[PDB]
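What follows is the content of entry_32.pdb, which has PDB, C-alpha atoms:
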ATOM      1  CA  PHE A   1      39.846  57.529  59.774  1.00  0.00           C
ATOM      2  CA  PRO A   2      41.926  55.922  57.008  1.00  0.00           C
ATOM      3  CA  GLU A   3      43.700  52.569  57.110  1.00  0.00           C
ATOM      4  CA  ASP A   4      47.209  51.302  57.929  1.00  0.00           C
ATOM      5  CA  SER A   5      49.218  48.064  58.118  1.00  0.00           C
ATOM      6  CA  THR A   6      51.764  46.900  60.690  1.00  0.00           C
ATOM      7  CA  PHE A   7      52.893  43.294  59.867  1.00  0.00           C
ATOM      8  CA  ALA A   8      52.595  42.579  63.613  1.00  0.00           C
ATOM      9  CA  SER A   9      49.963  40.897  65.736  1.00  0.00           C
ATOM     10  CA  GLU A  10      49.927  43.323  68.691  1.00  0.00           C
ATOM     11  CA  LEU A  11      50.387  47.080  68.997  1.00  0.00           C
ATOM     12  CA  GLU A  12      51.592  48.809  72.153  1.00  0.00           C
ATOM     13  CA  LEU A  13      51.534  52.512  72.991  1.00  0.00           C
ATOM     14  CA  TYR A  14      54.144  54.141  75.220  1.00  0.00           C
ATOM     15  CA  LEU A  15      53.740  57.790  76.218  1.00  0.00           C
ATOM     16  CA  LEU A  16      56.709  59.535  77.839  1.00  0.00           C
ATOM     17  CA  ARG A  17      55.366  62.828  79.179  1.00  0.00           C
ATOM     18  CA  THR A  18      57.474  65.404  81.022  1.00  0.00           C
ATOM     19  CA  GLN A  19      56.407  68.192  83.383  1.00  0.00           C
ATOM     20  CA  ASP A  20      59.387  70.534  83.271  1.00  0.00           C
ATOM     21  CA  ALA A  21      60.112  73.366  85.687  1.00  0.00           C
ATOM     22  CA  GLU A  22      58.484  76.698  84.901  1.00  0.00           C
ATOM     23  CA  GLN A  23      60.700  79.770  84.592  1.00  0.00           C
ATOM     24  CA  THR A  24      59.116  81.685  87.456  1.00  0.00           C
ATOM     25  CA  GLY A  25      61.106  83.360  90.213  1.00  0.00           C
ATOM     26  CA  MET A  26      61.281  87.004  89.137  1.00  0.00           C
ATOM     27  CA  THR A  27      64.535  88.639  90.495  1.00  0.00           C
ATOM     28  CA  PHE A  28      65.579  89.669  94.029  1.00  0.00           C
ATOM     29  CA  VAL A  29      65.713  93.349  94.964  1.00  0.00           C
ATOM     30  CA  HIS A  30      69.287  94.576  95.403  1.00  0.00           C
ATOM     31  CA  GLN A  31      71.209  97.702  96.296  1.00  0.00           C
ATOM     32  CA  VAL A  32      74.501  98.580  94.643  1.00  0.00           C
ATOM     33  CA  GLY A  33      76.976  98.065  97.492  1.00  0.00           C
ATOM     34  CA  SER A  34      75.945  94.667  98.825  1.00  0.00           C
ATOM     35  CA  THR A  35      76.279  90.975  98.019  1.00  0.00           C
ATOM     36  CA  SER A  36      73.667  88.824  96.310  1.00  0.00           C
ATOM     37  CA  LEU A  37      71.395  86.056  97.644  1.00  0.00           C
ATOM     38  CA  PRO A  38      70.851  82.539  96.261  1.00  0.00           C
ATOM     39  CA  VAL A  39      68.029  81.353  94.017  1.00  0.00           C
ATOM     40  CA  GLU A  40      65.404  78.853  95.245  1.00  0.00           C
ATOM     41  CA  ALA A  41      65.259  75.188  94.230  1.00  0.00           C
ATOM     42  CA  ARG A  42      63.015  74.084  91.358  1.00  0.00           C
ATOM     43  CA  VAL A  43      61.250  70.795  90.603  1.00  0.00           C
ATOM     44  CA  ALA A  44      60.978  68.832  87.358  1.00  0.00           C
ATOM     45  CA  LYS A  45      59.387  65.425  86.939  1.00  0.00           C
ATOM     46  CA  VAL A  46      58.747  62.723  84.345  1.00  0.00           C
ATOM     47  CA  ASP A  47      56.086  60.044  83.930  1.00  0.00           C
ATOM     48  CA  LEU A  48      55.395  57.290  81.420  1.00  0.00           C
ATOM     49  CA  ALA A  49      52.370  55.100  80.722  1.00  0.00           C
ATOM     50  CA  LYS A  50      51.331  52.126  78.607  1.00  0.00           C
ATOM     51  CA  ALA A  51      48.401  50.959  76.481  1.00  0.00           C
TER      52      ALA A  51
ATOM     53  CA  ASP B   1      38.013  43.072  76.330  1.00  0.00           C
ATOM     54  CA  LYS B   2      41.419  42.957  74.665  1.00  0.00           C
ATOM     55  CA  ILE B   3      42.415  46.628  74.757  1.00  0.00           C
ATOM     56  CA  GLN B   4      44.104  47.841  77.936  1.00  0.00           C
ATOM     57  CA  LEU B   5      43.919  51.615  78.355  1.00  0.00           C
ATOM     58  CA  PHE B   6      46.676  53.977  79.487  1.00  0.00           C
ATOM     59  CA  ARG B   7      48.267  53.083  82.803  1.00  0.00           C
ATOM     60  CA  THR B   8      51.260  54.733  84.466  1.00  0.00           C
ATOM     61  CA  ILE B   9      54.198  52.359  84.922  1.00  0.00           C
ATOM     62  CA  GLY B  10      56.905  54.736  86.172  1.00  0.00           C
ATOM     63  CA  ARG B  11      57.360  58.139  87.810  1.00  0.00           C
ATOM     64  CA  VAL B  12      60.375  60.217  88.903  1.00  0.00           C
ATOM     65  CA  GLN B  13      60.523  63.561  90.701  1.00  0.00           C
ATOM     66  CA  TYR B  14      63.686  65.635  90.382  1.00  0.00           C
ATOM     67  CA  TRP B  15      64.784  68.566  92.531  1.00  0.00           C
ATOM     68  CA  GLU B  16      67.653  71.017  92.512  1.00  0.00           C
ATOM     69  CA  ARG B  17      70.277  71.228  95.234  1.00  0.00           C
ATOM     70  CA  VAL B  18      70.065  73.227  98.454  1.00  0.00           C
ATOM     71  CA  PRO B  19      71.106  76.788  97.536  1.00  0.00           C
ATOM     72  CA  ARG B  20      73.695  78.724  99.489  1.00  0.00           C
ATOM     73  CA  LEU B  21      75.584  82.008  99.464  1.00  0.00           C
ATOM     74  CA  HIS B  22      78.517  82.075  97.058  1.00  0.00           C
ATOM     75  CA  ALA B  23      80.326  84.920  98.815  1.00  0.00           C
ATOM     76  CA  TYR B  24      80.300  83.472 102.342  1.00  0.00           C
ATOM     77  CA  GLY B  25      82.780  80.697 101.580  1.00  0.00           C
ATOM     78  CA  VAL B  26      82.803  76.901 101.766  1.00  0.00           C
ATOM     79  CA  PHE B  27      84.552  74.655 104.276  1.00  0.00           C
ATOM     80  CA  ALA B  28      83.780  70.947 104.622  1.00  0.00           C
ATOM     81  CA  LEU B  29      85.438  67.783 105.969  1.00  0.00           C
ATOM     82  CA  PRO B  30      84.297  64.140 105.893  1.00  0.00           C
ATOM     83  CA  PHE B  31      83.434  62.055 108.939  1.00  0.00           C
ATOM     84  CA  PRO B  32      82.510  58.410 109.483  1.00  0.00           C
ATOM     85  CA  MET B  33      78.816  57.696 109.825  1.00  0.00           C
ATOM     86  CA  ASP B  34      77.323  56.176 112.962  1.00  0.00           C
ATOM     87  CA  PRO B  35      76.323  52.522 112.350  1.00  0.00           C
ATOM     88  CA  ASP B  36      73.572  52.714 114.991  1.00  0.00           C
ATOM     89  CA  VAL B  37      71.753  55.423 112.994  1.00  0.00           C
ATOM     90  CA  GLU B  38      69.199  54.453 110.373  1.00  0.00           C
ATOM     91  CA  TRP B  39      70.591  56.648 107.592  1.00  0.00           C
ATOM     92  CA  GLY B  40      67.830  55.538 105.212  1.00  0.00           C
ATOM     93  CA  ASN B  41      65.074  57.846 106.432  1.00  0.00           C
ATOM     94  CA  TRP B  42      67.414  60.850 106.561  1.00  0.00           C
ATOM     95  CA  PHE B  43      68.351  60.637 102.873  1.00  0.00           C
ATOM     96  CA  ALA B  44      64.840  59.616 101.781  1.00  0.00           C
ATOM     97  CA  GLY B  45      62.725  61.638  99.387  1.00  0.00           C
ATOM     98  CA  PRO B  46      63.954  63.767  96.482  1.00  0.00           C
ATOM     99  CA  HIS B  47      63.373  67.071  98.309  1.00  0.00           C
ATOM    100  CA  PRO B  48      66.294  69.397  99.098  1.00  0.00           C
ATOM    101  CA  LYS B  49      67.110  69.037 102.779  1.00  0.00           C
ATOM    102  CA  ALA B  50      69.969  69.810 105.143  1.00  0.00           C
ATOM    103  CA  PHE B  51      70.310  68.725 108.755  1.00  0.00           C
ATOM    104  CA  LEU B  52      72.658  69.190 111.695  1.00  0.00           C
ATOM    105  CA  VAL B  53      75.014  66.481 112.915  1.00  0.00           C
ATOM    106  CA  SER B  54      76.750  66.043 116.249  1.00  0.00           C
ATOM    107  CA  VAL B  55      79.978  64.094 116.683  1.00  0.00           C
ATOM    108  CA  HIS B  56      80.775  61.624 119.444  1.00  0.00           C
ATOM    109  CA  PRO B  57      83.555  63.107 121.612  1.00  0.00           C
ATOM    110  CA  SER B  58      84.724  59.851 123.211  1.00  0.00           C
ATOM    111  CA  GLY B  59      83.833  56.204 123.629  1.00  0.00           C
ATOM    112  CA  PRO B  60      83.932  53.388 121.079  1.00  0.00           C
ATOM    113  CA  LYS B  61      82.276  55.566 118.419  1.00  0.00           C
ATOM    114  CA  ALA B  62      84.566  58.593 118.780  1.00  0.00           C
ATOM    115  CA  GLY B  63      84.767  60.432 115.471  1.00  0.00           C
ATOM    116  CA  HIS B  64      81.418  59.146 114.196  1.00  0.00           C
ATOM    117  CA  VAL B  65      78.587  61.575 113.487  1.00  0.00           C
ATOM    118  CA  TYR B  66      74.875  61.233 114.233  1.00  0.00           C
ATOM    119  CA  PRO B  67      71.950  63.589 113.530  1.00  0.00           C
ATOM    120  CA  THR B  68      71.555  66.143 116.283  1.00  0.00           C
ATOM    121  CA  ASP B  69      69.096  65.430 119.087  1.00  0.00           C
ATOM    122  CA  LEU B  70      67.680  68.847 119.961  1.00  0.00           C
ATOM    123  CA  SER B  71      66.354  67.548 123.296  1.00  0.00           C
ATOM    124  CA  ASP B  72      69.827  66.362 124.395  1.00  0.00           C
ATOM    125  CA  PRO B  73      72.119  69.234 125.505  1.00  0.00           C
ATOM    126  CA  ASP B  74      75.266  67.141 125.086  1.00  0.00           C
ATOM    127  CA  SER B  75      74.202  66.479 121.500  1.00  0.00           C
ATOM    128  CA  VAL B  76      73.628  70.232 121.151  1.00  0.00           C
ATOM    129  CA  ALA B  77      77.110  71.072 122.456  1.00  0.00           C
ATOM    130  CA  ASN B  78      78.763  68.620 120.017  1.00  0.00           C
ATOM    131  CA  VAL B  79      77.378  69.920 116.700  1.00  0.00           C
ATOM    132  CA  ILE B  80      79.939  70.058 113.925  1.00  0.00           C
ATOM    133  CA  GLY B  81      78.053  71.298 110.897  1.00  0.00           C
ATOM    134  CA  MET B  82      75.504  70.182 108.332  1.00  0.00           C
ATOM    135  CA  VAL B  83      74.991  67.498 105.717  1.00  0.00           C
ATOM    136  CA  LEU B  84      74.098  69.052 102.365  1.00  0.00           C
ATOM    137  CA  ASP B  85      72.055  67.241  99.667  1.00  0.00           C
ATOM    138  CA  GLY B  86      72.741  63.669 100.855  1.00  0.00           C
ATOM    139  CA  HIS B  87      74.704  60.826  99.273  1.00  0.00           C
ATOM    140  CA  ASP B  88      74.532  57.062  98.777  1.00  0.00           C
ATOM    141  CA  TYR B  89      74.861  55.661 102.305  1.00  0.00           C
ATOM    142  CA  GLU B  90      74.933  52.108 100.918  1.00  0.00           C
ATOM    143  CA  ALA B  91      78.183  52.177  98.938  1.00  0.00           C
ATOM    144  CA  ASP B  92      79.898  54.488 101.440  1.00  0.00           C
ATOM    145  CA  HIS B  93      79.692  55.157 105.180  1.00  0.00           C
ATOM    146  CA  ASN B  94      81.596  58.457 105.063  1.00  0.00           C
ATOM    147  CA  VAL B  95      79.532  61.639 104.751  1.00  0.00           C
ATOM    148  CA  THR B  96      80.955  65.086 103.964  1.00  0.00           C
ATOM    149  CA  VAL B  97      79.876  67.484 106.711  1.00  0.00           C
ATOM    150  CA  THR B  98      79.832  71.162 105.744  1.00  0.00           C
ATOM    151  CA  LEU B  99      81.333  73.258 108.531  1.00  0.00           C
ATOM    152  CA  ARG B 100      80.883  76.730 107.016  1.00  0.00           C
ATOM    153  CA  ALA B 101      78.025  77.713 104.708  1.00  0.00           C
ATOM    154  CA  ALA B 102      75.024  80.050 104.545  1.00  0.00           C
ATOM    155  CA  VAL B 103      71.716  78.279 103.899  1.00  0.00           C
ATOM    156  CA  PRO B 104      68.131  79.633 103.661  1.00  0.00           C
ATOM    157  CA  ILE B 105      66.015  78.574 106.612  1.00  0.00           C
ATOM    158  CA  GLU B 106      63.466  76.613 104.560  1.00  0.00           C
ATOM    159  CA  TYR B 107      65.899  73.817 103.657  1.00  0.00           C
ATOM    160  CA  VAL B 108      66.774  72.771 107.234  1.00  0.00           C
ATOM    161  CA  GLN B 109      64.632  70.245 109.125  1.00  0.00           C
ATOM    162  CA  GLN B 110      65.457  67.995 112.080  1.00  0.00           C
ATOM    163  CA  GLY B 111      62.382  65.842 112.615  1.00  0.00           C
ATOM    164  CA  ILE B 112      61.450  63.205 110.083  1.00  0.00           C
ATOM    165  CA  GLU B 113      57.892  64.316 110.910  1.00  0.00           C
ATOM    166  CA  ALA B 114      58.629  67.792 109.552  1.00  0.00           C
ATOM    167  CA  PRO B 115      57.548  69.022 106.109  1.00  0.00           C
ATOM    168  CA  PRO B 116      60.173  69.736 103.453  1.00  0.00           C
ATOM    169  CA  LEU B 117      60.702  73.244 102.037  1.00  0.00           C
ATOM    170  CA  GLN B 118      59.515  74.825 105.303  1.00  0.00           C
ATOM    171  CA  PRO B 119      61.396  76.342 108.260  1.00  0.00           C
ATOM    172  CA  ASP B 120      61.555  73.893 111.153  1.00  0.00           C
ATOM    173  CA  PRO B 121      60.521  75.908 114.250  1.00  0.00           C
ATOM    174  CA  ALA B 122      62.578  73.645 116.512  1.00  0.00           C
ATOM    175  CA  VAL B 123      65.733  74.837 114.748  1.00  0.00           C
ATOM    176  CA  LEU B 124      64.621  78.473 115.025  1.00  0.00           C
ATOM    177  CA  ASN B 125      63.928  77.966 118.733  1.00  0.00           C
ATOM    178  CA  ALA B 126      67.405  76.579 119.471  1.00  0.00           C
ATOM    179  CA  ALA B 127      69.193  78.924 117.048  1.00  0.00           C
ATOM    180  CA  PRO B 128      71.541  80.651 119.634  1.00  0.00           C
ATOM    181  CA  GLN B 129      72.980  77.560 121.331  1.00  0.00           C
ATOM    182  CA  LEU B 130      73.418  75.802 117.975  1.00  0.00           C
ATOM    183  CA  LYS B 131      75.632  78.758 116.886  1.00  0.00           C
ATOM    184  CA  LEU B 132      73.177  79.781 114.162  1.00  0.00           C
ATOM    185  CA  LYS B 133      72.386  83.400 113.325  1.00  0.00           C
ATOM    186  CA  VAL B 134      69.303  84.298 111.294  1.00  0.00           C
ATOM    187  CA  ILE B 135      69.990  87.143 108.852  1.00  0.00           C
ATOM    188  CA  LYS B 136      67.597  87.749 105.911  1.00  0.00           C
ATOM    189  CA  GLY B 137      65.969  84.338 106.240  1.00  0.00           C
ATOM    190  CA  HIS B 138      69.297  82.493 106.145  1.00  0.00           C
ATOM    191  CA  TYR B 139      71.294  80.533 108.686  1.00  0.00           C
ATOM    192  CA  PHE B 140      74.892  81.658 109.083  1.00  0.00           C
ATOM    193  CA  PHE B 141      77.218  79.128 110.667  1.00  0.00           C
ATOM    194  CA  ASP B 142      80.955  78.572 110.945  1.00  0.00           C
ATOM    195  CA  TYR B 143      81.958  75.702 113.217  1.00  0.00           C
ATOM    196  CA  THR B 144      85.654  76.447 112.956  1.00  0.00           C
ATOM    197  CA  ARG B 145      85.152  79.428 115.283  1.00  0.00           C
TER     198      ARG B 145
ATOM    199  CA  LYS C   1      82.489 109.335 108.396  1.00  0.00           C
ATOM    200  CA  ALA C   2      81.102 105.985 109.538  1.00  0.00           C
ATOM    201  CA  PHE C   3      78.724 104.984 112.315  1.00  0.00           C
ATOM    202  CA  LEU C   4      76.949 101.963 113.768  1.00  0.00           C
ATOM    203  CA  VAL C   5      73.374 100.914 113.043  1.00  0.00           C
ATOM    204  CA  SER C   6      71.116  98.675 115.115  1.00  0.00           C
ATOM    205  CA  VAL C   7      68.113  96.699 113.908  1.00  0.00           C
ATOM    206  CA  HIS C   8      64.690  96.426 115.501  1.00  0.00           C
ATOM    207  CA  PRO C   9      64.291  92.762 116.526  1.00  0.00           C
ATOM    208  CA  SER C  10      60.486  92.936 116.714  1.00  0.00           C
ATOM    209  CA  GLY C  11      57.572  95.349 116.757  1.00  0.00           C
ATOM    210  CA  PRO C  12      55.939  97.222 113.878  1.00  0.00           C
ATOM    211  CA  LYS C  13      59.305  98.489 112.589  1.00  0.00           C
ATOM    212  CA  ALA C  14      61.150  95.157 112.598  1.00  0.00           C
ATOM    213  CA  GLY C  15      64.015  94.956 110.134  1.00  0.00           C
ATOM    214  CA  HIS C  16      64.451  98.737 110.050  1.00  0.00           C
ATOM    215  CA  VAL C  17      67.906 100.002 111.011  1.00  0.00           C
ATOM    216  CA  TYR C  18      68.520 103.099 113.129  1.00  0.00           C
ATOM    217  CA  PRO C  19      71.783 104.577 114.456  1.00  0.00           C
ATOM    218  CA  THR C  20      73.034 102.844 117.572  1.00  0.00           C
ATOM    219  CA  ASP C  21      72.121 104.356 120.939  1.00  0.00           C
ATOM    220  CA  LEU C  22      75.204 103.740 123.081  1.00  0.00           C
ATOM    221  CA  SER C  23      73.276 104.517 126.278  1.00  0.00           C
ATOM    222  CA  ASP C  24      70.716 101.792 125.467  1.00  0.00           C
ATOM    223  CA  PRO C  25      71.899  98.191 126.041  1.00  0.00           C
ATOM    224  CA  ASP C  26      69.251  96.839 123.669  1.00  0.00           C
ATOM    225  CA  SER C  27      70.522  99.142 120.928  1.00  0.00           C
ATOM    226  CA  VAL C  28      74.020  97.863 121.735  1.00  0.00           C
ATOM    227  CA  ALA C  29      72.852  94.233 121.663  1.00  0.00           C
ATOM    228  CA  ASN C  30      71.164  94.714 118.260  1.00  0.00           C
ATOM    229  CA  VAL C  31      74.086  96.132 116.256  1.00  0.00           C
ATOM    230  CA  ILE C  32      74.377  94.796 112.723  1.00  0.00           C
ATOM    231  CA  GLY C  33      77.283  96.760 111.286  1.00  0.00           C
ATOM    232  CA  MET C  34      78.431 100.090 109.900  1.00  0.00           C
ATOM    233  CA  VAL C  35      77.399 102.547 107.211  1.00  0.00           C
ATOM    234  CA  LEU C  36      80.607 103.619 105.520  1.00  0.00           C
ATOM    235  CA  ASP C  37      79.461 106.698 103.568  1.00  0.00           C
ATOM    236  CA  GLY C  38      76.376 108.597 102.477  1.00  0.00           C
ATOM    237  CA  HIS C  39      74.082 107.086  99.875  1.00  0.00           C
ATOM    238  CA  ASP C  40      71.794 110.013  98.854  1.00  0.00           C
ATOM    239  CA  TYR C  41      69.322 109.336 101.667  1.00  0.00           C
ATOM    240  CA  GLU C  42      66.803 111.789 100.171  1.00  0.00           C
ATOM    241  CA  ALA C  43      66.086 109.611  97.129  1.00  0.00           C
ATOM    242  CA  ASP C  44      66.323 106.129  98.671  1.00  0.00           C
ATOM    243  CA  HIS C  45      65.282 105.020 102.165  1.00  0.00           C
ATOM    244  CA  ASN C  46      67.253 101.758 101.985  1.00  0.00           C
ATOM    245  CA  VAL C  47      70.871 101.780 103.164  1.00  0.00           C
ATOM    246  CA  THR C  48      73.664  99.284 102.530  1.00  0.00           C
ATOM    247  CA  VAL C  49      74.999  98.063 105.882  1.00  0.00           C
TER     248      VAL C  49
END
Go ahead and express the file in the form of structure tokens.
Amino acid sequence: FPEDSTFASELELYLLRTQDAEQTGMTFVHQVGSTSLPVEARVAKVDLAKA
Amino acid sequence: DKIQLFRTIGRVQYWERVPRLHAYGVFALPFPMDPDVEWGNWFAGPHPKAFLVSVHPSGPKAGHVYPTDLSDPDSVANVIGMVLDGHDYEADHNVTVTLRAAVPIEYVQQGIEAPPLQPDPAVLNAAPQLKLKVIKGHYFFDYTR
Amino acid sequence: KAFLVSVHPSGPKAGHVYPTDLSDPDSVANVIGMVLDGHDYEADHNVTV
């Protein structure tokens, strides 16, 4: 590793990491003369840590 | 000993709303909330959840709504609709009860000791006398009829 | 021409619709709606009710 310089006496690390919702959920099977059905509820979440 | 490793200091789950049929129509009216009900553990947890409410017909709390007791037949005969997606019960004591919607059966639970995203079998047991009809894994209800 | 269909509430053919038997009270109690016209039944075995 090479070298750096900060002009500060302490260094902190913050890591914001996100687990987004995957684009699963294929498509419902229809027939031409009927009404549709609703799409299920997804989940997304965030998380953040410190060193 | 003066390096502290990574350590989680915050976490948020986010969910979508309870889905419903677009073509079946919407009809909702707000009601006052019952002060004797702990509304904290009904709106707790980020999961999508709907539940049935009964209204008080008479007495000092007439016009207030409480979550439906499935073991009380007078609470069964006074159901007025559902509460969809929850709201902030702290800044407001007036919940919007949905009287006509069409909801999949996974998003409806009555017991607090009932898992989210699963069909509550107590609701499926009492489906006729709660004026619920199960078609294609959905509850159909209109409490104006 | 239109006619009434009834659903099987249970059994091995549950969810399948059949034309309503008016002399059977269980076929009367299980009606789900009408079929308004033909749908080329030979190609597809799923009908819009």
Residues matched by the PyMOL selection byres ((chain C and resi 27-38) around 9), written as a PDB file with C-alpha atoms, in the frame of the given file:
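And here is the file that came out, part-v8.pdb:
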ATOM      1  CA  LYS C   1      82.489 109.335 108.396  1.00  0.00           C
ATOM      2  CA  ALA C   2      81.102 105.985 109.538  1.00  0.00           C
ATOM      3  CA  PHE C   3      78.724 104.984 112.315  1.00  0.00           C
ATOM      4  CA  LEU C   4      76.949 101.963 113.768  1.00  0.00           C
ATOM      5  CA  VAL C   5      73.374 100.914 113.043  1.00  0.00           C
ATOM      6  CA  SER C   6      71.116  98.675 115.115  1.00  0.00           C
ATOM      7  CA  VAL C   7      68.113  96.699 113.908  1.00  0.00           C
ATOM      8  CA  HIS C   8      64.690  96.426 115.501  1.00  0.00           C
ATOM      9  CA  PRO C   9      64.291  92.762 116.526  1.00  0.00           C
ATOM     10  CA  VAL C  17      67.906 100.002 111.011  1.00  0.00           C
ATOM     11  CA  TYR C  18      68.520 103.099 113.129  1.00  0.00           C
ATOM     12  CA  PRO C  19      71.783 104.577 114.456  1.00  0.00           C
ATOM     13  CA  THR C  20      73.034 102.844 117.572  1.00  0.00           C
ATOM     14  CA  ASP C  21      72.121 104.356 120.939  1.00  0.00           C
ATOM     15  CA  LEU C  22      75.204 103.740 123.081  1.00  0.00           C
ATOM     16  CA  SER C  23      73.276 104.517 126.278  1.00  0.00           C
ATOM     17  CA  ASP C  24      70.716 101.792 125.467  1.00  0.00           C
ATOM     18  CA  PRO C  25      71.899  98.191 126.041  1.00  0.00           C
ATOM     19  CA  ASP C  26      69.251  96.839 123.669  1.00  0.00           C
ATOM     20  CA  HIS C  39      74.082 107.086  99.875  1.00  0.00           C
ATOM     21  CA  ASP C  40      71.794 110.013  98.854  1.00  0.00           C
ATOM     22  CA  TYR C  41      69.322 109.336 101.667  1.00  0.00           C
ATOM     23  CA  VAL C  47      70.871 101.780 103.164  1.00  0.00           C
ATOM     24  CA  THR C  48      73.664  99.284 102.530  1.00  0.00           C
ATOM     25  CA  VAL C  49      74.999  98.063 105.882  1.00  0.00           C
TER      26      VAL C  49
END
Shell around residue 89 in chain B at 12 Å using only C-alpha atoms, local window under 5 positions removed, as a list in words: residues 32, 33, 34, 35, 37, 38, 39, 40, 41, 42, 43, 44, 94, 95 and 96 of chain B
Separation of CA of residue 62 in chain B from CA of residue 125 in chain B, in Å and rounded to one decimal: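 Calculated distance between CA of residue 62 in chain B and CA of residue 125 in chain B is 28.3 Å.
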Residue hits in chain A, query chain C, radius 12 Å, all atoms listed in the file, as an MDAnalysis selection string: chainID A and resid 29:35
Could you tell me, as a compact mmCIF listing (two decimals) with C-alpha atoms, in the frame of the given file, exactly which residues end up selected when the PyMOL selection byres ((chain B) within 12 of (chain C)) is applied to this structure?
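Below is the file expr-v4.txt, written as the result:
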# COMPACT_ATOMS: atom_id res chain seq x y z
CA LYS B 133 72.39 83.40 113.32
CA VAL B 134 69.30 84.30 111.29
CA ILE B 135 69.99 87.14 108.85
CA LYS B 136 67.60 87.75 105.91
CA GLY B 137 65.97 84.34 106.24
Residues matched by the PyMOL selection byres ((chain B) within 8 of (chain A)) as an mmCIF file with C-alpha atoms, keeping the file's coordinate frame:
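For reference, result.cif as written:
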data_model
loop_
_atom_site.group_PDB
_atom_site.id
_atom_site.type_symbol
_atom_site.label_atom_id
_atom_site.label_comp_id
_atom_site.auth_asym_id
_atom_site.auth_seq_id
_atom_site.Cartn_x
_atom_site.Cartn_y
_atom_site.Cartn_z
ATOM 1 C CA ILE B 3 42.415 46.628 74.757
ATOM 2 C CA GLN B 4 44.104 47.841 77.936
ATOM 3 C CA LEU B 5 43.919 51.615 78.355
ATOM 4 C CA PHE B 6 46.676 53.977 79.487
ATOM 5 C CA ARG B 7 48.267 53.083 82.803
ATOM 6 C CA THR B 8 51.260 54.733 84.466
ATOM 7 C CA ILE B 9 54.198 52.359 84.922
ATOM 8 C CA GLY B 10 56.905 54.736 86.172
ATOM 9 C CA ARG B 11 57.360 58.139 87.810
ATOM 10 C CA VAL B 12 60.375 60.217 88.903
ATOM 11 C CA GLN B 13 60.523 63.561 90.701
ATOM 12 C CA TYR B 14 63.686 65.635 90.382
ATOM 13 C CA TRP B 15 64.784 68.566 92.531
ATOM 14 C CA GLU B 16 67.653 71.017 92.512
ATOM 15 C CA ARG B 17 70.277 71.228 95.234
ATOM 16 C CA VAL B 18 70.065 73.227 98.454
ATOM 17 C CA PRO B 19 71.106 76.788 97.536
ATOM 18 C CA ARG B 20 73.695 78.724 99.489
ATOM 19 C CA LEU B 21 75.584 82.008 99.464
ATOM 20 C CA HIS B 22 78.517 82.075 97.058
ATOM 21 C CA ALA B 23 80.326 84.920 98.815
ATOM 22 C CA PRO B 48 66.294 69.397 99.098
#
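Across the model, the gap from CA of residue 121 in chain B to CA of residue 108 in chain B is 9.9 Å.
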Between CA of residue 140 in chain B and CA of residue 82 in chain B - distance in Å to one decimal: 11.5 Å
